[PDB]
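Engineer: Contents are compact mmCIF, C-alpha atoms (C1' of nucleotides) and all ligand atoms; file name start03.txt:
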```txt
# COMPACT_ATOMS: atom_id res chain seq x y z
CA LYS A 2 -0.28 -10.51 79.69
CA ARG A 3 0.05 -8.81 76.27
CA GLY A 4 -0.59 -5.10 76.74
CA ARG A 5 -2.67 -2.38 75.12
CA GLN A 6 -2.22 1.37 74.67
CA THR A 7 -5.30 3.59 74.43
CA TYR A 8 -5.03 6.45 71.95
CA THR A 9 -5.51 9.99 73.22
CA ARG A 10 -8.17 12.31 71.87
CA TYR A 11 -5.49 14.19 69.93
CA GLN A 12 -4.00 11.07 68.36
CA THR A 13 -7.35 9.61 67.30
CA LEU A 14 -8.31 13.01 65.88
CA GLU A 15 -5.16 13.61 63.84
CA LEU A 16 -5.40 10.00 62.60
CA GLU A 17 -9.05 10.43 61.66
CA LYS A 18 -8.08 13.72 60.00
CA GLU A 19 -5.44 12.11 57.79
CA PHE A 20 -7.88 9.30 56.92
CA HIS A 21 -10.35 11.85 55.53
CA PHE A 22 -7.89 12.47 52.65
CA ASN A 23 -5.87 9.25 52.17
CA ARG A 24 -7.66 6.03 53.00
CA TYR A 25 -4.31 4.28 52.30
CA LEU A 26 -0.85 5.44 53.39
CA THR A 27 2.61 5.25 51.82
CA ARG A 28 5.54 4.12 53.93
CA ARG A 29 6.97 7.63 54.12
CA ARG A 30 3.62 9.05 55.21
CA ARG A 31 3.34 6.43 57.98
CA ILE A 32 6.77 7.28 59.39
CA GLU A 33 5.79 10.97 59.39
CA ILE A 34 2.53 10.40 61.29
CA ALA A 35 4.27 8.00 63.68
CA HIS A 36 6.85 10.62 64.70
CA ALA A 37 4.19 13.36 64.75
CA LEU A 38 2.01 11.47 67.22
CA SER A 39 4.64 9.42 69.13
CA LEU A 40 3.37 6.12 67.75
CA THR A 41 5.04 3.18 66.06
CA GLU A 42 4.98 2.71 62.30
CA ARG A 43 3.45 -0.70 63.02
CA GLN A 44 0.75 0.90 65.19
CA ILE A 45 -0.07 3.39 62.43
CA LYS A 46 -0.26 0.55 59.90
CA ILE A 47 -2.72 -1.42 62.06
CA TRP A 48 -4.83 1.64 62.90
CA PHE A 49 -5.42 2.44 59.24
CA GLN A 50 -6.22 -1.25 58.72
CA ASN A 51 -8.89 -1.34 61.44
CA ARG A 52 -10.25 2.07 60.49
CA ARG A 53 -10.44 0.82 56.90
CA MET A 54 -12.53 -2.15 58.05
CA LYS A 55 -15.10 0.05 59.80
CA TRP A 56 -15.34 2.19 56.65
CA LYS A 57 -16.30 -0.83 54.52
CA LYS A 58 -19.13 -2.08 56.76
CA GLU A 59 -20.66 1.40 57.14
CA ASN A 60 -20.61 1.88 53.34
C1' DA B 1 11.23 -12.56 43.40
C1' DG B 2 9.86 -12.20 48.12
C1' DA B 3 9.48 -8.99 52.08
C1' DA B 4 5.74 -5.95 52.90
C1' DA B 5 1.30 -4.61 53.10
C1' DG B 6 -3.72 -5.91 52.85
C1' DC B 7 -7.86 -8.39 54.16
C1' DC B 8 -10.38 -10.63 57.47
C1' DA B 9 -11.62 -13.22 61.15
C1' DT B 10 -10.83 -13.19 65.83
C1' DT B 11 -8.87 -12.23 70.49
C1' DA B 12 -8.48 -9.47 74.81
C1' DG B 13 -7.43 -5.39 77.71
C1' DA B 14 -8.45 -1.20 79.62
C1' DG B 15 -11.77 2.29 81.02
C1' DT C 1 -19.80 -6.56 82.85
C1' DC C 2 -19.99 -4.21 78.90
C1' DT C 3 -18.35 -2.09 75.18
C1' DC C 4 -14.82 -0.03 72.13
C1' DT C 5 -10.93 -0.90 69.77
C1' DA C 6 -5.84 -2.05 69.93
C1' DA C 7 -3.61 -5.93 68.55
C1' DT C 8 -2.85 -10.64 66.69
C1' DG C 9 -2.75 -14.88 63.26
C1' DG C 10 -2.95 -16.66 58.72
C1' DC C 11 -3.68 -16.45 54.54
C1' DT C 12 -3.49 -13.64 49.69
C1' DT C 13 -2.00 -9.64 47.01
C1' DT C 14 1.04 -6.10 45.91
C1' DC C 15 4.93 -3.83 43.92
NI NI A 101 5.81 -14.93 45.11
```
Spit out the file's structure as structure tokens when you get a sec.
Structural biologist:
Amino acid sequence: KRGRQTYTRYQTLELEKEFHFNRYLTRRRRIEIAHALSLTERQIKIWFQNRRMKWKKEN
DNA sequence: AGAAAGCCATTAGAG
DNA sequence: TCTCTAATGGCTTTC
């Protein structure tokens, strides 16, 4: 139908690692992480969005 | 300015 | 099936 990719343990970890420092990302930083983890800039953008949403409800 | 990014409510797919 | 979360739509805000 649409499709969905599940993020590896490494990817989710590195992403959660970066989020510990910068809760928001500049465009250059997103391109870096994308290449580093073999993800799309768009996928990195959305991940930080969703992860930001969980951080608001918990706090 | 106006693309881009954010917020947000919501959907749905894979494990 | 059940749950987690990737992914979308539709506005508003940013820069
Ligand atoms: Ni405008």
Engineer: So how many Å separate atom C1' of residue 2 of chain C and atom CA of residue 18 of chain A, to one decimal?
Structural biologist: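 Taking atom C1' of residue 2 of chain C as the start and atom CA of residue 18 of chain A as the end point, the length is 28.6 Å.
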Engineer: For a quick check of understanding, using all atoms listed in the file, which of A:52, A:10, A:21, A:58 has the smallest distance to chain C?
Structural biologist: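 Selected residue with least distance to chain C: A:52.
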Engineer: Write as a ChimeraX atom specification the residues around ligand NI 101 (chain A), taking 10 Å as the cut-off and counting all atoms listed in the file.
Structural biologist: /B:1-3 /C:13
Engineer: Within 10 Å of chain A, which residues of chain C are there when counting all atoms listed in the file? Please give them as a ChimeraX atom specification.
Structural biologist: /C:5-7
Engineer: Could you tell me how far atom CA of residue 31 of chain A sits from atom CA of residue 46 of chain A, in Å to one decimal place?
Structural biologist: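 These two atoms are separated by 7.2 Å.
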Engineer: Please, what is the axis-aligned box for every listed atom of segment 9-16 of chain A with 5 Å on each side, as centre and edge lengths in Å to one decimal, as lines of an AutoDock Vina configuration file?
Structural biologist:
```
center_x = -6.2
center_y = 11.9
center_z = 67.9
size_x = 14.3
size_y = 14.6
size_z = 20.6
```
Engineer: Please, which residues of chain B lie no more than 8 Å from chain A when the count uses all atoms listed in the file, and can they be set out as a PyMOL selection string?
Structural biologist: chain B and resi 6+13-14
Engineer: Just give me the gap between atom CA of residue 29 of chain A and atom CA of residue 49 of chain A in Å, one decimal is fine.
Structural biologist: 14.4 Å
Engineer: Write out as a ChimeraX atom specification which residues come within 12 Å of residue 10 of chain B when counting all atoms listed in the file, dropping same-chain ones fewer than 3 positions away.
Structural biologist: /C:7-10
